[PDB]
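Asks: Residue numbers (PDB author numbering), protein chains in the order written: chain A, 1 to 271; chain B, 1 to 271.
This is the structure I have questions about; it appears just below.
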Ligand SMILES: Nc1ncnc2c1ncn2[C@@H]1O[C@H](COP(=O)(O)OC(O)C2=CCCN([C@@H]3O[C@H](COP(=O)(O)OP(=O)(O)OC[C@H]4O[C@@H](n5cnc6c(N)ncnc65)[C@H](O)[C@@H]4O)[C@@H](O)[C@H]3O)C2)[C@@H](O)[C@H]1O
Ligand SMILES: Nc1ncnc2c1ncn2[C@@H]1O[C@H](COP(=O)(O)O[C@@H](O)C2=CCCN([C@@H]3O[C@H](COP(=O)(O)OP(=O)(O)OC[C@H]4O[C@@H](n5cnc6c(N)ncnc65)[C@H](O)[C@@H]4O)[C@@H](O)[C@H]3O)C2)[C@@H](O)[C@H]1O
Ligand SMILES: [Mg+2]
Ligand SMILES: [Mg+2]
Ligand SMILES: [Mg+2]
Ligand SMILES: [Mg+2]
Ligand SMILES: [Mg+2]
């Protein structure tokens with residue numbers, strides 16, 4: 001079925017061993033640093049589940065490298081746009097991750113400069129939606145600037161429950177160097193956080209991209225019209241209602257471009 | 001040999017028919033955009049060879065779509081950082097391209113806001129090299145904002161002679177939706193642009209990324225330490241010095257991450 005195909009392509013298991021998943025994903029981070037001579041990692045810590053998980057895995061990886069006599073560091077970075085309404089949760093995430101370094105970059109003045117220039121040049125105010133994608137891409141710029149200045153790789157938090165819907169900004173939070181969470185469903189990420197001892201508030205809250213000025217903290221499920229339990233059931237190979245398979249297979253097909261390098265005439269996937 | 005592998009991976013031909021390259025690449029643009037249902041294309045026009053070529057191909061594609069009774073448009077956009085020293089060549093490129101629409105977005109206030117915030121937040125001056133990548137990524141943001149507002153796809157200008165060296169900013173000018181120039185060597189692209197009727201001032205224009213404040217208009221060759229005709233010889237399967245081949249093969253491996261989606265543990269290309 002298409003469901004089986006999507007599961008295979010997104011690397012999803014129906015059942016996991018959380019300890020082994022953690023080992024595999026920390027080992028990946030370590031191996032990628034060994035092979036490339038990298039100095040460590042940078043990651044935006046939002047106060048949401050995914051960045052909490054990826055941040056703790058990163059911290060464990062750099063600690064393990066150092067325990068082996070090597071050199072590595074992790075910079076966690078707060079990236080509010082002005083006042084972030086769930087700053088408290090982001091601080092709690094930092095308290096749990098216990099990163100080597102905890103930095104901050106408020107993206108609002110950059111986003112405002114851009115938005116104001118856009119109207120000055122075109123006569124048009126950006127739509128809230130398009131401004132939201134400017135925010136996500138500005139966060140990419142901020143992380144790549146810290147990584148470039150400090151000699152580090154940019155982690156991304158994409159996982160299977162965002163990949164299937166294409167629920168990320170292309171060259172925004174989609175723009176990263178390496179991905180410790182690939183293949184995990186949303187529920188599976190919660191299981192890994194539990195194994196790691198995370199505070200439950202960080203995985204009980206609603207997932208949100210929090211990109212819109214007019215609809216702040218909008219839940220992903222509100223935007224998508226599909227819940228993470230539906231997504232996860234699909235991705236874990238459960239026998240789900242036909243409405244879920246219809247919705248997800250359409251979104252997956254429509255967003256393939258986000259999961260491929262830019263298309264050329266030599267590629268066949270898009271035809 | 002590794003040369004054969006790279007030539008194949010980058011879709012390079014040893015010999016081309018310039019007129020049919022033009023036909024094929026225009027047709028790619030037509031076929032792709034129609035598949036997506038997008039209204040057309042946006043592209044940053046720097047004055048340089050690659051964007052002049054890709055821009056003219058785009059304009060031909062949209063004109064062909066309209067000739068067959070469809071709807072399509074091309075927005076060419078100037079993206080200076082303040083005063084661009086070779087603005088005159090960019091204006092000449094626009095004159096040659098004859099784009100449907102001609103827009104401008106000056107990135108300087110955005111880049112200055114970012115840079116000033118970086119120093120405020122970190123206590124660290126953003127360095128010229130890292131600021132240059134901020135400029136390239138701000139250009140990406142600008143093109144995606146126009147594209148999102150106007151319903152267009154973002155063209156990229158990557159070609160084999162930049163691809164092999166990774167001579168583009170990751171998620172800057174590398175960030176695009178589709179690539180009409182894939183597989184062309186530098187001199188092959190020049191042949192297309194000449195066949196399209198461009199003046200020598202455009203098709204023999206010295207390549208530059210022009211990203212640095214301390215070294216404006218630096219030529220690519222100054223930065224790379226190798227010239228485009230050596231790169232082109234390698235890519236086209238000619239004999240080159242051990243000097244050239246060792247250097248290009250090492251750089252190709254070191255920059256594979258720029259030619260792949262973000263790495264996960266399920267990928268092996270980095271090993
Ligand atoms: N004024 C304009 N007006 C309108 N439009 C335009 C203008 N200017 C440009 N345009 C448009 O843009 C295109 C492109 O123009 P073009 O061809 O002239 O530009 C160019 O030539 C051009 C464009 C931009 C840049 N360049 C060069 O690239 C290098 C960047 O590498 P780099 O400086 O080192 O920076 P990077 O961020 O790309 O890569 C390093 C980062 O990568 C990650 N990393 C590293 N190793 C690694 C790994 N092993 N695994 C995983 N990740 C890893 C880390 O995060 C790390 O920090 C450095 O050498 C630069 O000088 C070139 C044109 O065709 C136009 O369309
Ligand atoms: N406050 C913070 N502090 C610190 N760190 C962070 C913060 N916030 C986030 N972070 C960090 O970021 C990550 C991610 O966080 P996360 O998981 O909560 O965010 C999120 O959930 C999140 C983040 C960003 C976005 N979302 C959603 O994606 C959609 C994007 O619109 P979209 O319309 O899908 O926009 P797009 O540009 O991504 O895609 C459209 C463009 O694609 C092109 N195109 C289209 N068709 C097509 C084709 N067939 N072929 C080729 N190209 C094609 C065209 O150019 C077209 O314009 C839209 O629905 C958005 O709401 C979600 C976190 O984990 C953190 O690491
Ligand atoms: Mg997320
Ligand atoms: Mg979130
Ligand atoms: Mg170029
Ligand atoms: Mg300092
Ligand atoms: Mg140039």
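Note that beta-carbon positions come from the ideal geometry of N, C-alpha and C, so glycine has one too.
1. Hey, is residue 48 (chain B) close to ligand 7, as in C-beta under 7 Å from one of its heavy atoms?
2. Could you name the residues of chain B that residue 11 (chain A) contacts, counting a contact when the two beta carbons are closer than 8 Å?
3. May I ask you to check if the CB of residue 80 (chain A) is nearer than 7 Å to at least one heavy atom of ligand 2?
4. Taking 7 Å as the cut-off, is the beta-carbon of residue 210 (chain A) closer than that to any non-hydrogen atom of ligand 4?
5. Any heavy atom of ligand 3 closer than 7 Å to the beta-carbon of residue 99 (chain A)?
6. Please find out if some non-hydrogen atom of ligand 6 comes closer than 7 Å to the beta-carbon of residue 124 (chain B).
7. Take residue 252 (chain B) and list the residues in its own chain whose beta-carbon comes closer than 7 Å to its own, dropping the five residues that flank it on each side.
8. Report yes if the CB atom of residue 3 (chain A) is closer than 8 Å to the CB atom of residue 234 (chain A), and no otherwise.
9. 8 Å is my cut-off, CB to CB: does residue 124 (chain A) come that close to chain B?
10. For the candidate residues A:122, A:132, A:143, whose alpha-carbon lies nearest to that of residue 130 (chain B)?
11. Since residue 121 (chain B) meets chain A, which of its residues come closer than 8 Å, beta carbon to beta carbon?
12. Excluding the 5 residues preceding and the 5 following residue 188 (chain B) in the sequence, name in chain order all residues of the same chain whose CB lies nearer than 6 Å to its CB.
13. Indicate, with yes or no, if ligand 5 has a heavy atom lying under 7 Å from the CB of residue 221 (chain A).
14. Report back the beta-carbon spacing between residue 76 (chain B) and residue 26 (chain B) to the nearest angstrom; my notes put them in contact at under 8 Å.
15. Looking at the structure shown, is residue 264 (chain B) part of a helix, part of a strand, or coil, going by DSSP?
16. Verify the contact flag: residue 84 (chain B), CB atom, against every heavy atom of ligand 1, threshold strictly below 7 Å.
17. Kindly list the residues whose CB is nearer than 7 Å to the CB of residue 240 (chain B), restricted to its own chain and excluding five residues on each side of it in sequence; keep chain order.
18. Report all residues from its chain with a CB closer than 7 Å to the CB of residue 209 (chain B); omit the five preceding and five following residues, and keep chain order.
19. Along chain B, which residues have their Cβ under 7 Å away from the Cβ of residue 35 (chain A)?
20. In chain order, what residues of the region 126–139 of chain A put their CB closer than 9 Å to some CB of chain B?
21. Determine the DSSP secondary structure at residue 102 (chain A), reduced to helix, strand or coil.
22. Any contact of the region 105–118 of chain B with the region 167–176 of chain B, i.e. 3+ C-beta pairs under 8 Å?
23. Could you give the distance in angstroms between the alpha-carbon of residue 92 (chain A) and the alpha-carbon of residue 78 (chain B)?
24. Looking at residue 199 (chain B) and ligand 7, is the gap between the Cβ and the nearest heavy atom below 7 Å?
25. Rounded to the nearest angstrom, what separates residue 83 (chain A) and residue 127 (chain B) at their Cα positions?
26. Using a Cβ-Cβ cut-off of less than 8 Å, list which residues of the region 247–261 of chain A approach chain B; keep chain order.
27. How far does the alpha helix (DSSP H) with residue 176 (chain B) in it reach, from first residue to last?
28. Is the beta carbon of residue 106 (chain B) sitting closer than 8 Å to the one on residue 125 (chain A)?
29. To the nearest angstrom, report how far apart residue 12 (chain A) and residue 21 (chain A) are at their CA atoms.
30. Taking 8 Å as the threshold (C-beta atoms), are residue 58 (chain B) and residue 74 (chain B) in contact?
31. Using a Cβ-Cβ cut-off of 7 Å (strictly less than) and excluding sequence neighbours within five positions of residue 90 (chain B), which residues of its own chain qualify?
32. Could you tell me which of B:246, B:162, B:31 sits nearest to residue 51 (chain B), measuring between CA atoms?
33. Since residue 296 (chain A) meets chain B, which of its residues come closer than 7 Å, beta carbon to beta carbon?
34. Excluding sequence positions up to five away, which residues of its chain have a Cβ less than 8 Å from the Cβ of residue 19 (chain B)?
Replies: In terms of the structure at hand:
1. yes
2. 264, 266
3. yes
4. yes
5. no
6. yes
7. 6, 164
8. yes
9. yes
10. A:143
11. 103, 104, 105, 106
12. 16
13. no
14. No, residue 76 (chain B) and residue 26 (chain B) are not in contact; Cβ-Cβ is about 16 Å, not under 8 Å.
15. coil
16. yes
17. 230, 233, 234
18. 220
19. 270, 271
20. 126, 127, 129, 130, 131, 133, 134, 137, 138
21. strand
22. no
23. 44 Å
24. no
25. 28 Å
26. 257, 259, 260, 261
27. No alpha helix (DSSP H) holds residue 176 (chain B); DSSP gives it neither H nor E.
28. no
29. 12 Å
30. yes
31. 45, 46, 47, 78, 84
32. B:162
33. In the structure displayed, chain A extends from 1 to 271; residue 296 (chain A) sits before or after that span and is not available.
34. 195
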